[PDB]
Amino acid sequence: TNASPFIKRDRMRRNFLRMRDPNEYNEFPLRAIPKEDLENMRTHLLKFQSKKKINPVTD
Amino acid sequence: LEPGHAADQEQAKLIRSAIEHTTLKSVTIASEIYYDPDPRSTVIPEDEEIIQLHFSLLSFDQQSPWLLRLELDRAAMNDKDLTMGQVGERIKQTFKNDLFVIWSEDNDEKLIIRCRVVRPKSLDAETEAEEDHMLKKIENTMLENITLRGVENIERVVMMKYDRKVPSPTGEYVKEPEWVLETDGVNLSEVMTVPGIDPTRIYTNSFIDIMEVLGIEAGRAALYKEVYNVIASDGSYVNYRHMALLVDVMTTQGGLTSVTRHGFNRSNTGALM
Amino acid sequence: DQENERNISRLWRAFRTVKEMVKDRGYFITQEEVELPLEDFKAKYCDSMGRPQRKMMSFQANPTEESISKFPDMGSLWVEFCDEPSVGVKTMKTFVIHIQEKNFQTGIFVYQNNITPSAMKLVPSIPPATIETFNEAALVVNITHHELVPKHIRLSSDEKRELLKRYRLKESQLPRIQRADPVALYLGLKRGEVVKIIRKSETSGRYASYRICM
Amino acid sequence: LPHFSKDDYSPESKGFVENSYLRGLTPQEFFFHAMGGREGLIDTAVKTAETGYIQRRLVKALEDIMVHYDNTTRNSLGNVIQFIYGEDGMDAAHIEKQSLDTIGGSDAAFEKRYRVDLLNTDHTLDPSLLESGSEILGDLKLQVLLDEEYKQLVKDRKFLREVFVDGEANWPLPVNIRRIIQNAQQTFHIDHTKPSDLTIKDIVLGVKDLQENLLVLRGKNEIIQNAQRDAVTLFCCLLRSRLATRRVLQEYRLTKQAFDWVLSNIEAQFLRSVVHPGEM
Amino acid sequence: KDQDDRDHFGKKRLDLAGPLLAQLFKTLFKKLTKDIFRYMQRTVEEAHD
Amino acid sequence: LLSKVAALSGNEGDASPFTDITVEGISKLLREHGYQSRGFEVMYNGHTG
Amino acid sequence: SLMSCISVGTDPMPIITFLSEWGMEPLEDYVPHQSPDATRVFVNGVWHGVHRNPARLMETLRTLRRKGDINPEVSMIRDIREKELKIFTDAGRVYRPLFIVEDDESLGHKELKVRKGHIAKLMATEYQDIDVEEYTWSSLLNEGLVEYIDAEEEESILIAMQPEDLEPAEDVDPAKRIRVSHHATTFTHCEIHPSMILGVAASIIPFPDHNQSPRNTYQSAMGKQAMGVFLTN
Amino acid sequence: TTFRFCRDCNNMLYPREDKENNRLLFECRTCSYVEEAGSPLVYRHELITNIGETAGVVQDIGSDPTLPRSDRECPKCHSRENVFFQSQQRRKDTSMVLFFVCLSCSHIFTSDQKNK
Amino acid sequence: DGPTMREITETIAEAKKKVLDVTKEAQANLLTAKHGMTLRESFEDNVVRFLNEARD
Ligand SMILES: [Zn+2]
Ligand SMILES: [Zn+2]
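The following paragraphs examine the structure supplied in this document.

Cut-offs used in this document
Residues numbered from 1 in each chain as written, not as in the entry; some residues may be left out. Chains lettered and ligands numbered in written order. Part of a larger assembly, values for the part shown. Heavy atoms only, no water. Helix = DSSP H or I, 4+ residues; strand = E, 2+ residues; numbered from the N terminus. Rg over C-alpha atoms; globule rule 2.2 N^0.38 Å. Buried < 20%, exposed > 50% of the residue type's maximum accessible area, 1.4 Å probe, protein only. Areas by Shrake-Rupley, 256 points an atom, 1.4 Å probe, with all protein chains shown as cover. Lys, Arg positive; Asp, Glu negative; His and termini not counted. Charge placed at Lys NZ, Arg CZ, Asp CG, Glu CD. Pairing = 2+ DSSP bridges. Axes fitted to C-alpha atoms, helices over the stretch in contact; angles between N-to-C directions. Contact = heavy atoms within 4.5 Å. Donors = N, O, S within 2.8 Å, 3.2 Å for Na, K, Ca; no water. Tetrahedral: all angles 85-135°; square planar, octahedral: opposite > 155°, others 65-115°. Salt bridge = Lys/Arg side-chain N within 4 Å of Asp/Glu carboxyl O. Buried area = accessible area lost by both parts, 1.4 Å probe. Polar contact = N/O pair within 3.5 Å; in protein donor to acceptor, adjacent residues only side chain to side chain. Patch = residues over 30% accessible without salt bridge, like charges linked within 9 Å, V, L, I, M, F, W, Y side chains within 5 Å. Core = buried A, V, L, I, M, F, W, Y, C linked by side-chain atoms within 4.5 Å.

1. What to know about the overall build of chain B
- The number of helices and strands found in chain B is 9 helices and 6 strands.
- For 273 residues, the compact-globule estimate of 2.2 N^0.38 gives 19 Å, and the C-alpha radius of gyration of chain B, at 27 Å, exceeds that figure by more than 25%.
- In terms of overall dimensions, chain B has C-alpha extents of about 80 × 60 × 30 Å along its principal axes.
- Looking at chain B as a whole, 43% of its 273 residues qualify as buried.
- Within the structure as shown, chain B displays about 15100 Å² of accessible surface, and the carbon and sulfur contribution to it stands at 51%.
- Side chains of chain B give 29 positive and 46 negative charges; the mean places of these two sets differ by 5 Å.

Below is the structure:
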């Protein structure tokens, strides 16, 4: 009805306490470059920013 | 409205359209710049007929190949009583004869205006670069600086039916309805001269324009009415003489003096006061 | 040809307003000519083509007998309508000469668009005669007929003397009205002239006020 | 709120509280209701500050205006703001709302209420309303007096209609005549059946000379006398309408003693309503 | 798109004692560091200990 | 009304805003105690009785 | 309000590294004309990159926060309409807890992840203090049963007023208030309790929903001027 | 308008008129590259526009929990589930026409019955 | 009393149904905006008027 107008906490505490593969591929080796040639040598990446084809070998 | 024609709702529309300021921008969807190789044939399928119509019925040798096309809304030109013939002349009179214009008929499914600028006899080799740009300029000014009809500074007008008590022929007071136009924006001097309205009853919300057009005494009455409306808006009642004294003080110096330090405090009433 | 009719109608209304202004200033103007019908105006002040001849619209008015008794110093009045839109010094110069030549005490000049500054500065140059310039667009509607504008009556010198004496006032203690006031321009008031404003009051029915031109 | 889907325009979504305070507001309604109340609280704070400045400005602008012994309204400089306080010279504390009986009504009603005729038999005066109702019929000297009274009343109706274009008849006026008439009837115990002893000449002259004693301005010159006449224009219209010959004899049944009592009180009441010089 | 609403609580931040003291301490420490350098410079120039 | 019922029953009233508690439910409990359901009582003037 | 909290802020770098390792394409190679469907990723108002599969990414981020791998105070917003993914870690953001709603196909309709068993152990630890394993609020946060939500994140979730009526798929007492079900089957969160929107002062009013709103405001101010016992010392 | 961009330097192309053929050419103001135009339209101004009404539709629009669901029929697949939203244009001159997105075919239709 | 509450509940429901009808015509764009007002503004005025009258 009124879903219990009262806050029942005095005895509700007691109640709870009371209740308780086939070779169809190609495989190649991968070997690291010798470090003896990487010293005093820097390898960078070059990116041409353009929409056409740029090739310094021929262009 | 005129006392004789106050109840005629059909004439109210004539007055309403004759005072509302409308520009081409408010009655158009889009404007486009089209290029035609010659001013005798068209590339758009739609205007294939309009050119054949006007041209057959009919100078054009020196017309520029750049075309300005305006597409007007069918509904918009029907909300306000308008026809492409009148607006076409309106454009024709803004620039008297420096550009050629053709306009479709009302029966057409789409309402289109085609404009062409005619170059002078002298050839300007430098203007070809800005030829299209110039079209982009005039079209913008043709959307804004064109007054199809109405009084400037008049945004919109709405029709309302008010009740006023006028004496009856028998001798009693009876309430009859009349059509009254309410407007946003104020141009009292120009609107007061429009035919069809009652200039002896026009009222303005801003009492400043009343004073400039009708005089200080008219501004005095308008000022009181504005003050009275504010007081009476909430239903409170104040004796007339209290408001009259405030209004009289506000207009005693041959003008509307504010109640701030720039108004009554700039008089000559003693430094100590 | 609609535009032609629009100007004619506006000119006719402006002519009527000027006639009422002259009548209200205390000059002899019959009521019949004030209410001239539109068709009569188009018959006497227009031509075969239809465009009006504003030169012929100019007329002469003289003080009425009652005004002479109250103001025994007012002379004739001349009203001139300028045919050309742009008023120049040439037309202004002949207008003032036409006033000074025939002893016209007051001359009203009506222009269409504007008067050039080189001609405006010449307006106050023929005393004691006075020249008043009126724009036609401003004369289309008689502002004095508005319900908000009360009745203004100019007071004679004797009446002004009595007004101050009985109220024991000074010219600085009266309510002021500007010379540039639309009603003051309609009446041609001068500095020191007092006008009796008769207006309807909801507390006393009729209330009489006074304003001194400044 | 983060409980409705986008583009929800139902009343429950945009703040329609369907419940009452008795039933209680749901959490959505509670928040929307709280939002509305916050608007009122903010307005109260802002309105108080803004209005306070307005009141101070108004008071300082009109603080030096006073009514002088010549009835003119002037400021400290002596400049005239109004030539008579309130355009009528009365005090707001003594004004009451009264109905103007001449402006309203149809022409036929106006004729029936005020017109009195002694020659014809269309608007005749009943002989039982006064002790001289027999010899009154067929008199021309009194007929012209009645004609002038009716002519003035018709003129008053014309003037009133031109002032109040809306036809409103209830306006604030100084003296409440209706109460004075009631007091006279109740004080003297008017018979209401026996014919009165009043005469047409006495009534018309009694009202006419009463209007002369209603003095707001007492100058002895034309300008002040004209101003005095104008100041009591509206009140005289009310006075004439209420104290009409037909209305007094037919509607009020007033006696000569009662009529004299009414006239004296109206003069006394009007003089008490005049604004007092020196009032700020 | 609609203009950003200035009252949106999601665009507002609350500075508690933590952040409030952080900026205050940062300003004061900056002054302390400046004073330390001035003493170092003064000692070198004026030849003090 | 809730407080009156709580005192008569020796309980702590639950007045949290958004719950299933209704005024009618309180009234029913109050009537079970022999009191007017709406909390009205017959009183006597202290001056005259 | 009673259940509102303010974040203290943490380092955003670990999240940035985590995003990069899970496919957040860097902004140095983002070509808009070759991928006009990627969702922009923002961290503390910093555009770090774009992602091709925002739905999968958000699922991973949400799970990590709920289990306790990312700090709960971190706010994640996915603007599907604008194709933006905003992550906020700065301090000063006001947030509050809410229940988590999931499908739970066992019952066939969405329901709260918190069950009666969780509540049973919650109260057991509450009342044992006055020995089962400890179970506190932090346990709920680490179990993904509750979640901190800030104002910005509320713009992309749907919350239920109460689990009694809105969560279950869907005579009436004439005295009960008219409650709207809203007939929504996509709830993502559920309010802990609607009464928690009030503050400390407004939580003392009994039946504040039966009062005119301005009166509640007056009580809040007046409740702070009432004589009582401010402290026991 | 279909803006065209240069091919050699990616700069913005502009329209130019050649009298040798009375045709339309697009030329670059910086690198002197020409290209024949495909359409005679070069400028388009839209006072009243319907572009952006359905902005924000994505392949996973149905995953949004806030978006409301409806039972309207999709007139391309005969389905009942769908999510609807109003126009995204913020101008205070647009109608309240709804836009429905089907969760089975991603087809966008409208409830408009005036113009459609 | 009970009968008054039943009438009140129905009265509010009728107003809501009226609001439902207008909200359906606007979605179909079959509603013409009142002169001097926008479609959205006209719709809001109709909704507010119905709800205000429902309370009265
Ligand atoms: Zn290029
Ligand atoms: Zn479909």
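2. Overview of the overall build of chain A
- Along its length, chain A carries 1 helix and 0 strands.
- A globule of 59 residues ought to have a C-alpha radius of gyration of about 10 Å, yet chain A, at 39 Å, is considerably larger.
- Summarising its shape, the C-alpha atoms of chain A cover approximately 90 × 40 × 40 Å along the three principal directions.
- The proportion of buried residues among the 59 residues of chain A is 7%.
- When the accessible area of chain A is evaluated, it comes to approximately 6800 Å², of which 52% is carbon and sulfur surface.
- Both charge centroids of chain A, one from 14 positive and one from 8 negative side chains, sit 29 Å from each other.

3. Comments concerning the sheet that holds strand β6 (residues 82–86) of chain H
All names here are of chain H.
- Read across the sheet, 4 strands follow the order β5-β6-β7-β8 without closing on themselves; strand pairing throughout is antiparallel. What marks the edges here is a single partner per strand, and that holds for β5 (69–70) and β8 (108–110).
- Sheet analysis places strand β7 (residues 98–102) next to β8, joined by 3 bridges and oriented antiparallel. The partner of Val101 across the bridge, within β8, is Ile108.

4. Overview of the sheet that holds strand β2 (residues 63–72) of chain B
- One open sheet accounts for 5 strands, arranged β3(B)-β4(B)-β2(B)-β1(B)-β4(H); its pairing is antiparallel. Strands at the two margins of the open sheet, each flanked by one partner only, are β3 (99–103) of chain B together with β4 (41–46) of chain H. Ignoring which end each strand starts from, the neighbouring axes of this sheet average 15 degrees apart.
- Where β2 of chain B and strand β4 (residues 111–118) of chain B come together, 7 bridges link them in antiparallel fashion. Across the sheet, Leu67 of chain B pairs through a bridge with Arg116 of chain B, a residue of β4 of chain B.
- Across the face of the sheet, helix α4 (residues 84–94) of chain B comes into contact with β3 and β4 of chain B while running at roughly 170 degrees to β3 of chain B.
- With respect to the sheet, helix α5 (residues 131–144) of chain B is in contact with β1 (28–35), β2 and β4 of chain B together with β4 of chain H, its orientation differing from that of β2 of chain B by roughly 35 degrees.

5. Observations regarding the coordination of the zinc ion (ligand 2)
All names here are of chain H.
- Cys74 (SG), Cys77 (SG), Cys102 (SG) and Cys105 (SG) make up the full set of protein donors to the zinc ion (ligand 2), lying at 2.3 Å.
- Given 4 donor atoms and angles of 107 to 111 degrees at the metal, the environment of the zinc ion (ligand 2) is assigned as tetrahedral.
- Coordination of the zinc ion (ligand 2) draws on donor residues from a single chain, spaced C-x2-C-x24-C-x2-C in sequence. Here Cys74, found in the loop between β5 and β6, pairs with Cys105, found in the loop between β7 and β8; they are 31 residues apart in sequence, far enough to count as distant.
- The class of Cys74 is buried, set by a relative accessible area of 0%.
- Residue classification places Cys105 among the partly exposed residues on the basis of a relative accessible area of 34%.

6. Concerning the pattern of salt bridges
- In this structure the tally under the stated criterion is 68 salt bridges over all chains.
- Residues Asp36 of chain B and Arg114 of chain B are paired through a salt bridge, measuring 3.3 Å at the closest nitrogen-oxygen approach.
- Judged by its relative accessible area of 4%, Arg114 of chain B is buried.
- Measuring nitrogen to oxygen at the nearest pair gives 2.5 Å for the salt bridge that ties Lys16 of chain I to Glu12 of chain D. Of this pair, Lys16 of chain I sits in helix α1 (residues 2–28) while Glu12 of chain D sits in the segment before α1 (27–62), which puts the two residues in different chains.
- What makes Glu12 of chain D partly exposed here is its relative accessible area of 24%.

7. A look at the arrangement of the chains
- When C-alpha atoms are compared, chain A and chain C, though not in contact, are closest at a spacing of 63 Å.
- The closest approach of any C-alpha atom in chain B to one in chain E is 21 Å; the two make no contact.

8. A closer look at the interface of chain B and chain C
- Opposite the 28 residues of chain B that make contact, chain C presents 27 residues.
- In total, chain B and chain C occlude about 2100 Å² of area from one another, counting both sides; carbon and sulfur atoms represent 54% of this.
- Three residues, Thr193, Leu214 and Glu217 of chain B, lead the burial of chain B against chain C; their summed loss comes to 29% of the area buried on that side.
- Where chain B meets chain C, there are 1 salt bridge.

9. Side note on the side chain of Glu226 of chain B
Residues and elements named next belong to chain B.
- Along the chain, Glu226 falls in helix α8 (residues 216–233).
- Of the buried charged residues, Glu226 lacks a salt bridge, with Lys225 as the closest side chain of opposite charge at 6.4 Å.
- One polar contact links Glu226 to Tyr203, side chain to side chain, over a distance of 2.2 Å.
- If we ignore the near neighbours within four places in the chain, the residues touching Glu226 are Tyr203, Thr204, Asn205 and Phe207.

10. Some remarks on a negative patch on the surface
- A cluster of acidic side chains, namely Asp2, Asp4, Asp5 and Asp7 of chain E together with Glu82 of chain G, defines a negative patch on the protein surface.
- Structurally, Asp2 of chain E can be placed in the segment before α1 (17–46).
- Note on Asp2 of chain E: relative accessible area 47%, which makes it partly exposed.

11. Considering the environment of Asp79 of chain G
Residue and element names in this part refer to chain G.
- Assignment of secondary structure puts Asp79 in strand β5 (residues 75–79).
- For the pair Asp79 and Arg40, spaced 39 residues apart in sequence, the C-alpha to C-alpha distance is 9.7 Å.
- Among the polar contacts listed, one links the side chain of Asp79 to the backbone nitrogen of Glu82, at a separation of 2.9 Å.

12. Regarding the nonpolar core
- Counting residues in each nonpolar core, the largest one holds 68 residues, and the members touching the most others are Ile200, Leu243, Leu254 and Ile266 of chain D.
- Not counting residues within four places of it along the chain, the set of residues in contact with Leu254 of chain D comprises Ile181, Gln185, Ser196, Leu198, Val248, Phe259 and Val262 of chain D.
- Residues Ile8, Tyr27, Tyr45 and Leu139 of chain C belong to the second largest nonpolar core, which totals 34 residues.

13. A look at helix α8 (residues 245–252) of chain D
Residue and element names in this part refer to chain D.
- For α8, the buried fraction is high: 6 of the 8 residues fall into the buried class.
- Buried-residue contacts for α8 involve α2 (107–114), α3 (141–163), α4 (177–188), α5 (200–213), α7 (233–242) and α9 (256–273).
- In the stretch just after α8, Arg253 is the one whose phi turns positive, near 55 degrees.

14. Some points on unusual backbone geometry
- With an omega of 0 degrees, the peptide bond running from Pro127 of chain C to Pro128 of chain C counts as cis.
- Locating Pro128 of chain C in the fold gives a position in the loop between α7 (117–120) and β6 (130–135).
- With phi around 70 degrees, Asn153 of chain B is a residue other than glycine that occupies positive phi space.
- Non-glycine residue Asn22 of chain H carries a positive phi angle of around 55 degrees.
- Position of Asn22 of chain H among the secondary structure elements: in the loop between β1 (13–18) and β2 (23–28).

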